[PDB]
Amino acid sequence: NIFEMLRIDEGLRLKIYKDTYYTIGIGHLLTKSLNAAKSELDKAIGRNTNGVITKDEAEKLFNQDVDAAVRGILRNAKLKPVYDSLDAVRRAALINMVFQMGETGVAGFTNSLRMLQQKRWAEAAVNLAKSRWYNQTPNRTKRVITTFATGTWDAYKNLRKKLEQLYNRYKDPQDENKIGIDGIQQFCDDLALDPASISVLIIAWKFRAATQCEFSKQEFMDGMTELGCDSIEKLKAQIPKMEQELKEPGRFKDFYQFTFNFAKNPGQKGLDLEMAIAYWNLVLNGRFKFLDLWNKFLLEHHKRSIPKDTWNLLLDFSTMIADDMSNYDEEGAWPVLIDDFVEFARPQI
């Protein structure tokens, strides 16, 4: 009920991540040292986690956070009268506000809280949409406002239904939890894109998809909600913003590094040469002048696999390397494969 509401608005992460602090699940703050976070989580769960938890372990930490939020609200002079007057569904919507911006942030909506306390649902819902909170998270705010306006889970129910009905269009007949090859095909067809195109790879990056030719129920549901999409037309309008992000070097590095993890076979530490070249021609297109000469060099002098470090450093190489390769330091920390490439390419100019 409340867990699924904030799973939709805030998101669920089974692995340890950084905000702006070490975090897990639905925004559970662990500490303020990765070893201290792993130890704090270990004590909280009662097992050797290594920074990876389950949905049930995430719900246990969330229920602790709910109790912490309820305790907090009741100790606040501006929020306690309102919380007491509200019903179970609207209390969950108030907790959602506290989870998003803290007590002092919620206390700022004095006029709106006043209306909620006076049970003027339609009057409160209108005034709450006027604020910057509506501009910031239009998908989240609309869902919380609708909860305050009706006192029902309709906003979250409708979205889940709209998504789950759309999921049935791509799920594998032999496997419920995943979207098969044919379903991935349908998804790309419905979005009018080739499944082997850059746009689909950009989508996979925003969706945080684990492996190529594989799409899980979780990855679909989480990705679609996070981007604020309940239809294929909505995701299609999102693609240009995703594209424009790559013009920023920081976002492109994250995308380039993600490509290696997405392209690699599960169980392999490295990436197959033929697969690596195919993705390099896709992500380093119009970014690496020596891209074709590099592929040619690999196919003839390196029949072996591609490690993560060599993949990541080739971007740093492409950016730095001069058209005549003069600025290259033959003894300057670059991998041997790149050393061999400059030695191979330089006599050819």
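Definition used throughout: the rigid core is the maximal C-alpha set that superposes within 1.5 Å between two forms. Numbers for residues come from their place in the sequence shown, where the first is 1.
Engineer: If the other structures are each fit on the rigid core, which stretch ends up farther away in C-alpha terms in 5 other deposited structures of this protein, 168-176 or 186-194?
Structural biologist: Stretch with the larger root mean square C-alpha distance in 5 other deposited structures of this protein: 168-176.
Engineer: Should the segment between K303 and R304 be described as having none, 1 to 3, 4 to 9, or 10 or more unmodelled residues of the deposited sequence?
Structural biologist: Unmodelled stretch: none, continuous chain.
Engineer: Counting only residues that lack coordinates, how big is the gap in the deposited sequence between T20 and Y21? Pick none, 1 to 3, 4 to 9 or 10 or more.
Structural biologist: Missing residues, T20 to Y21: 1 to 3.
Engineer: Do the C-alpha atoms of 334-342 or of 10-18 have the higher average B factor in the entry?
Structural biologist: The stretch with the larger average C-alpha B-factor is 10-18.
Engineer: For the stretches 112-120 and 249-257, which has the higher mean C-alpha B-factor as given in the deposited record?
Structural biologist: Per the deposited B-factors, the answer is 112-120.
Engineer: So if I compare the CA B-factors in the entry for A107, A192, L273, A263, which one is the largest?
Structural biologist: Max CA B-factor in the entry, restricted to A107, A192, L273, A263: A107.
Engineer: What's the residue among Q212, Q244, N139, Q238 with the greatest CA temperature factor in the PDB record?
Structural biologist: When the deposited C-alpha B-factors of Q212, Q244, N139, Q238 are compared, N139 is largest.
Engineer: Quick check for you: using the entry's CA B-factors within this chain, is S39 in the lowest, middle or highest third?
Structural biologist: Top third by C-alpha B-factor.
Engineer: When the modelled residues of the chain are sorted by Cα temperature factor, does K308 land in the lowest, middle or highest third?
Structural biologist: For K308, whose C-alpha B-factor we compare with every modelled residue in the chain, the answer is the lowest third.
Engineer: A88's Cα B-factor: lowest, middle or highest third of the chain?
Structural biologist: Middle third, going by the recorded CA B-factors of the chain.
Engineer: Which third, lowest, middle or highest, does the C-alpha temperature factor of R47 belong to within its own chain?
Structural biologist: Middle third, going by the recorded CA B-factors of the chain.
Engineer: Quick check for you: using the entry's CA B-factors within this chain, is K269 in the lowest, middle or highest third?
Structural biologist: It falls in the bottom third of the chain.
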